[PDB]
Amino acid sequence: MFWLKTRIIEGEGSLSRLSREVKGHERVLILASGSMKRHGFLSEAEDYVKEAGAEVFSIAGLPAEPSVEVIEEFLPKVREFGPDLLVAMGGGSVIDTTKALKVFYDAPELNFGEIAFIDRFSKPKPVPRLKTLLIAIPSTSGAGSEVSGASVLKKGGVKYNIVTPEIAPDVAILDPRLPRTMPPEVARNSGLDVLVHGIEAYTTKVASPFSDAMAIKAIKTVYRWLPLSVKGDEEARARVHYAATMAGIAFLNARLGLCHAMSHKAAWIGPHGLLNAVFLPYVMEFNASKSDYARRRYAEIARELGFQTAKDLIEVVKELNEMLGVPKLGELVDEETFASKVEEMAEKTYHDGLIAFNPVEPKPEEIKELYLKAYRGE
């Protein structure tokens, strides 16, 4: 099974094509991150929507970590303005917020509780056909969220998933100018997100040749270019920006695995892509020892980078962490804070629906010793 609902416009200055894509439309709403205001990209985009003869209304400065509580502040304003096209311009959380917004805006009657996964034993009601077009313009590189029909919200501090094709964007615009404004830390952290997505997508149970083609290329590109991107090279920024969407196309179809689940639960420690990379080598080790499939697949990636064995890949990834100056896990959290929460973290990683796609099904106890190997810096 391989599909892609989203239509992808890439290119230097491709933001200008927002002119073509809004034709026909009356009242366009842009949700935007702070930085997209500051660096003037929000202005540019506002021009294009006027250019095309439509009303535009902007909310900038949306906070990280999407939540219902946050969305509920705007929602009244959004209803007042009544847009017939949504545009998200920002990172993952701007785009994911905008997806959740479409649901509430197009289907006001729906109950949030009816229609959100929390764990693997959650069945929700499916989401009915929605109507309002969604254009996604990512400014990091990147979350993949601009091609995916998934969105992750908090209500009352609890993490929820919403999963439907209806909220996968109709168009994504990939303009390398935008992520050239990333500071090096955010370049690094989101860039490792891509690599980790790539590798998990390649080693789930539902991988296809088609999703494999996008994963492999994304991996090859991030390995080659990310160190240069982090240091600010213009070309490199553009190459990793496209690789981020490639990996998005891949895990849209193939889903993800144990590293992601573990990094979801460890999210209070620090940033999502940072922890992902920190756990990756340990998760790879676990998967390869227990699974003849994982070992084969890691080995295939290794060869695509001009090495040989699954051991080579794990070492390649440890080395790339060291190169880019990724912290040890115990430079972020003290040992008692950690060992307290570590019982409850391995519990709820077990109840995550993503481990159905992992090439091994771990028990809660094995998961715990993984969190602890990684703290050991083994």
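Counting begins at 1, following the sequence as shown.
Mean CA temperature factor is higher for 259 to 267 when stretches 259 to 267 and 172 to 180 are set side by side in the entry. Judged by mean Cα B factor in the deposited record, 348 to 356 ranks above the other of 348 to 356 and 319 to 327. Residue-level inspection of the entry shows that, of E200, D119, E146, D193, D119 has the top Cα B-factor. By the numbers in the PDB entry, the CA B factor is greatest at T337 among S58, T337, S35, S67.
Sort the chain's modelled residues by C-alpha temperature factor and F279 lands in the middle third, per the entry. Sort the modelled residues of the chain by CA B factor and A107 lands in the highest third.
Annotation for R296: C-alpha temperature factor in the middle third relative to the rest of the modelled chain, per the entry.
Among the modelled residues of the chain, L370 sits in the highest third by CA temperature factor in this PDB entry.
For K123, the recorded CA temperature factor ranks within the highest third of the chain's modelled residues.
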